[PDB]
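Letters are used for the chains, namely A, B, C, D, E and F, taken in the order the chains are written, and counting of residues starts over at 1 for each.
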Amino acid sequence: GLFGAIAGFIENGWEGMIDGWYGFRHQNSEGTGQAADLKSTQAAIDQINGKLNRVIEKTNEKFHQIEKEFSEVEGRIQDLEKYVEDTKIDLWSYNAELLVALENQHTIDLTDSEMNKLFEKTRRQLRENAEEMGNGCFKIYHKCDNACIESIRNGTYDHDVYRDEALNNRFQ
Amino acid sequence: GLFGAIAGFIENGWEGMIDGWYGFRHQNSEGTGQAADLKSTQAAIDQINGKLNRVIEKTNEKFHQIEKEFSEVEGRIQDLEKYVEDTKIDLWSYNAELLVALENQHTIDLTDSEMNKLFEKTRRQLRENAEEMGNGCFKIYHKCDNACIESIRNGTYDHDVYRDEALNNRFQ
Amino acid sequence: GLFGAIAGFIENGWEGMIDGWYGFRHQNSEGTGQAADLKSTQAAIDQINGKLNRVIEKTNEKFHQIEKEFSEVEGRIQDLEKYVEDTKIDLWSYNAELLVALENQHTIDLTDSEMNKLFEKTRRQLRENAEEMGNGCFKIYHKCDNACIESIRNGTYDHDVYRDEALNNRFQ
Amino acid sequence: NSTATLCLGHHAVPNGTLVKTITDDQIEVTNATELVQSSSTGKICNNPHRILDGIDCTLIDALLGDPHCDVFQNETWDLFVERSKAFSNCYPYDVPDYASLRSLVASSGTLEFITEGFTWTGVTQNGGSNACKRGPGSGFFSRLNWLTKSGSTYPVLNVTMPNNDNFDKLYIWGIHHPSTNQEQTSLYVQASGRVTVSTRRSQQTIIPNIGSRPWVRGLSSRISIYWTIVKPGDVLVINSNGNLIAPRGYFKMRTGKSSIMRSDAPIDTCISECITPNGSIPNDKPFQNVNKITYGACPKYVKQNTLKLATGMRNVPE
Amino acid sequence: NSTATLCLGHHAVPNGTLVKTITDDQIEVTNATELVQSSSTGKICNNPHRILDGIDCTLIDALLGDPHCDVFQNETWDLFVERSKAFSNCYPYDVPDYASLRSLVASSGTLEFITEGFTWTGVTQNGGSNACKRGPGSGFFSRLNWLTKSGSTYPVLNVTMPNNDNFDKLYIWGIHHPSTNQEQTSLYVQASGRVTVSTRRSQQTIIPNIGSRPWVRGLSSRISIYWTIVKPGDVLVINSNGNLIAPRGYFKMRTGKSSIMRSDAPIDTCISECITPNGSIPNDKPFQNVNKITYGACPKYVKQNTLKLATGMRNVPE
Amino acid sequence: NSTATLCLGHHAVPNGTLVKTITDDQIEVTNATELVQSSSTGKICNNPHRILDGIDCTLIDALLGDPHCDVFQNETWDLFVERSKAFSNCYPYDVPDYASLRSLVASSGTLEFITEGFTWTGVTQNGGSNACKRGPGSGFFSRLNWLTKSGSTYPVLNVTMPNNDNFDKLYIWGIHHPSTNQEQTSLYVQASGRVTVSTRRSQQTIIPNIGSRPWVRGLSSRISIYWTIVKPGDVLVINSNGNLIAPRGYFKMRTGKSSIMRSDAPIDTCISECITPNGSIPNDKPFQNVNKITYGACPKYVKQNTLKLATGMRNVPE
């Protein structure tokens, strides 16, 4: 939520998206369509999996310890044992809480950053043939086919072929 | 300080601002003015209050404990008690330090991010009728009234009405 | 890696750069060149040094403690001492790990943010005489000398002198 | 003019506050709040806790029945306050494992004493001393019974007491260490004493140690104090042939929230939920730097007098 | 139309999950996982650990050789399970520092007993009791030797035993506390007993305490149990003149991974690496909220079972 | 050409360094620094600390006055170094609570001994032994006094000693455990001994245990060592009727920074502020992986020998 992409200038999500996490949706002169982008989804999935499998691997193995349940009242030694146990439990619960609280924030912020990165890349591709309409979509001022949007999707859009037509369409 | 908005491309603050945390200041053809924006200020205040009231709620309640001040020198039990107390104090002071050190950084970065979000929204509103002058202000290339700036402030600016005039003013 | 500048839209690094951490490299009408920018490098170095010298200053000084190595088997007191020592060691190793894990991420993200800040400043300087080519370079649509690039480097570029020539060059 | 301008910015304050961050050690923000609380009022409020002021008596002397602590019979406390001006004015005594008994009785919260009818046949009861005057004549502790020989003999005592109730019983007894070998045989005809107190699962046997001690209030003899706990369904047996300070009954043992605290602060009629040996402190802040000994819902003791948390943006003045 | 459009967006789910963050306390994401495991199966799997079921016997009674624990001779365990229905049916005894011996034998993992040839000349061996019937006649513990007077005298017993092996030896002995002063002199002609057991670096001397005790299974006498550890190159010397419960050999002492656990859960033939007093629990999660007593590769015990970690983006539905 | 170009970028290095992050476990940066330190020089520098080399003597033998530790009289140390080649060559002795006395004297930092004039009337002073030769004749410890009977009697000793100074006094005394019942009555005419040492707030009474022990340097008797602390305004009283190893004075007790360390490393004339049992280690790094026993301003002991913090950007080579 630091970049303002998810829950920011993109109003809602797409519940019909089942291929990946991030994707496109175009409205053309031949109809409508929809697709996904594998790279951003893969980056997010790899980062989240790395984090998850980072935290959950084990570190402790204890065999013999002290007594923690007593049937009598004795004195100093029992008091010290109970104090030690209470201190250990209270000091580990705080770590358990803080780790989750920090990692959830970092996960949310990185999954928000990936969307902004994809948006900025798509903006940088359409050099001066498109205008940002403010709600997550680009208005492309020249006429594409279903093969023009796919060149924008797999990163080989050639902007200089449609430059003169777009400039005469948008500025006059 | 990660986005470069506060203490970045905005030189200084406005000490005459007493309504909110973030606001506007326009220079028009009828004079000057000033106002505030409630939404960004509210988001920042809610986040900071949530964090604050998150950390300060209590968790401990201790009634009987061990002895921590002695009048004699005895031996093993007293040494173990003093060691336990020293370890507990040293382990809690580190947490006290690290929590504050992390949360101050996060607070500063989020209060810096809100400004960049407001700036980017205002830039996205003025589609092609404005140019960014590099120091936090926009030069609007058509002529507004005191009612044109307020349409930009409450999020209902219609860019297509002044498009032809602005394009002829800025590009020729 | 949150801003997408380093290892993002900048493909690789410059191994011939030995003056600073961030710098420029221009291709002109009189040849090529290279230089550095002191301010971003200085900000990054100061932040990283502050962090480093923040963590490594000492806090502990212990003179008398408990026994931690025994030659016999005795009973309750020895068990409690071994438990205390094991708990202390296990609780300090976790802090040692988490501090480094958090600070490395913050260092990487801040050294990535400085590059994006420099890029955005350079973009804001060339108001409408340049276009971003998408791979980290700007195409400047008027003709500069070796003294025009240096005005862009020390922050005194005057955009309005070359405005008409650049606008006629890029848009027609 | 045929153009306009629209500038954006944030607020600043003339004096801000310095805080520490992950990168910087002193960065100036518009506002900050304190985490520690390092002050006290100086008095101990008596609400909503039940405070008992042990003016000139300790807990053990109020337990045994010192003649100048007879106002503390069946005192029910929520927090016992022990003063430093306390002293003892009865038979000089001694407690092995004093801290254990003090913490056992402090956390129980009651001095309720149920008297029981023991049958000691062959001995003389209600022994007195000139170091423990209760009124104008000689006296002793009010919860203990000093038995001596009856005429010319001292038979072997052998009493029993069953526990048919549904709570635990605390018995306090003692043993008398004489000064010479002549006063031993003039009070207990046997040349050596022994006291055995046994339940179905434990036993304690003590033997007196004849010798001389420093003079305390005019005496060189001593008394050692021991205690026993009888659980429901158990039984108590006392066997002896001299040097026995018998009990008169039992204290009722409870479990709850109660403790003890050494402090020389007066008591007022305010309201506070936290109590430190310096007085009552408010508990609106999560941390405190007054005392590490606390009772109630108290903040945690830290070593800093300053830890500031930022609640605003950075401060960049004109 | 001579234009086009290209919109970007992300996915959402109808029901998401609420997680906690640094700023918010309840924020809705598309997916979350739990890290705490708070269920148990109810049974204790006997693989790949070696579990021993102490049905009606404790560890100390199986060590001494109680007649109803004779199936536990040379039992090798990896985890001893102690039931609550356990009882003793032999001579009433007592162990000073019971927990120390219980933890010393529990962590050793063996009851392997090597018998040794001691020479007790002048006394009668293999004493018996009617409270410890092994079969139809009187009996005693199978690892101890009750020596009494031989005809009319009881000489001063003084035995040696050297340790020439390369491991430690554990010797278990005891002392007999009689009931009256008549049965003392009818079993050991001396009016007072004493037992000394010494190595080259330590020594233990015990003296019997004549007195009466509560009746347990028809007896008011007692036995106190002590132990000695002989290291390689050392020597053991036993000196006595009455009230000696001699040993018959030594237990072999090992070091490894072994422990003991009180639990009333049955045992099945599943496979699990973690064992709690409630049964076996899986160990796929890092945390657990079942029991704080654990054996094996077990997750850590936390107080909170609501710990949700987000593994997806934020959930913004239509 | 009528245009130009201006590219931006960052630097890279050919070999970078792998570090761990929140997301990745191995990410390559341009530079990194180590947190741990795990090498030692091998020698113990004697500056600016004051190191004392206990070549063939322990602390307790240098306290009592062993004849081969007479060079350690009034040694003032800042850190005592104990070697493993140490041995004892005097009367065989024994200390109950040895670690307590060792840690009490180690942290005091002085062996300053003030001799006092005690008056023992009716006994013979300056007892000797053939196991503690000081020169060509028999001897004993230099800080203790072995009293035996004077001709045909051994009266009841009863000495006093007041403390009028403004510091604490440490008294070291002992008791003699004989070997047979014939050598007891030939040194102290009484058939049983007893030693009482008392202050105004404490008391210690010990009784000798006659018996045989393993032969150590030609003797089967023993000595047990006890100590007493007298605070300003207090008083010390010693009562006895046999088996007393009297003191000759008191040690002065201080408080400061001092300790003890077992190590077999030589001592050189370098300068270092940290000392480990392996030798001196520098303290430029915050962490160390050499030893968990440390003296001075030492880094903390961690388990990881490798722990790298990034001080540069990411490394993306050509």
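Assume a contact is a pair of C-beta atoms (placed from the backbone, for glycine too) under 8 Å apart; a residue touches a chain by one contact, two chains touch by 3 or more.
Enquirer: Of the chain pairs B-F and B-D, which one is connected by the greater count of C-beta contacts?
Expert: B-D
Enquirer: Would you kindly tell me how far, in whole Å, the mean C-alpha position of subunit E lies from that of subunit C?
Expert: Measuring from centre to centre gives 58 Å for this pair.
Enquirer: What is the distance, in whole Å, between the centres of subunit B and subunit C, each centre taken as the mean of its C-alpha atoms?
Expert: Distance between chain centres: 22 Å.
Enquirer: CA centre of subunit A versus CA centre of subunit C: separation in Å?
Expert: The mean C-alpha positions of subunit A and subunit C differ by 22 Å.
Enquirer: Please output the residue numbers of subunit A that touch at least 2 other chains, ranges allowed.
Expert: Those would be 60, 62, 64, 76-77, 79-80, 84, 91-92, 102-103, 105-106, 110, 171.
Enquirer: Going through subunit E residue by residue, note those that touch at least 2 other chains and give them in order.
Expert: Counting only residues that touch two or more other chains, subunit E contributes 22-23, 99, 103.
Enquirer: Which two-chain combinations qualify as touching?
Expert: In this structure, the chains touch in these pairs: A-B, A-C, A-D, A-E, A-F, B-C, B-D, B-E, B-F, C-D, C-E, C-F, D-E, D-F, E-F.
Enquirer: Within their complex, state which residues of subunit B touch subunit D.
Expert: Of all residues in subunit B, those touching subunit D are 1, 6-7, 10-15, 17-18, 20-29, 44, 48, 52, 55-56, 58, 60-64, 67-68, 89, 92-93, 96-97, 100-105, 107-108, 111-112, 115, 118-119, 122, 130, 136-144, 148-149, 152, 169.
Enquirer: Name, in rising order, each residue of subunit B that touches subunit C in their complex.
Expert: Within the complex, subunit B touches subunit C at residues 2-4, 8-9, 76-77, 79-80, 83-84, 86-87, 90-91, 94, 98, 102, 105, 131-134, 171.
Enquirer: Using the touch definition from the top, list the residues of subunit A that touch subunit F in their complex.
Expert: It is residues 47, 50-51, 54, 103, 106, 110 of subunit A that touch subunit F.
Enquirer: Mind pulling up the subunit F residues that touch subunit A in the complex?
Expert: Against subunit A, subunit F makes touches at 22-25.
Enquirer: Using the touch definition up top, name the residues of subunit F that touch subunit D in the complex.
Expert: On the subunit F side, the touching residues are 196, 198, 200, 203, 205, 235, 237, 239.
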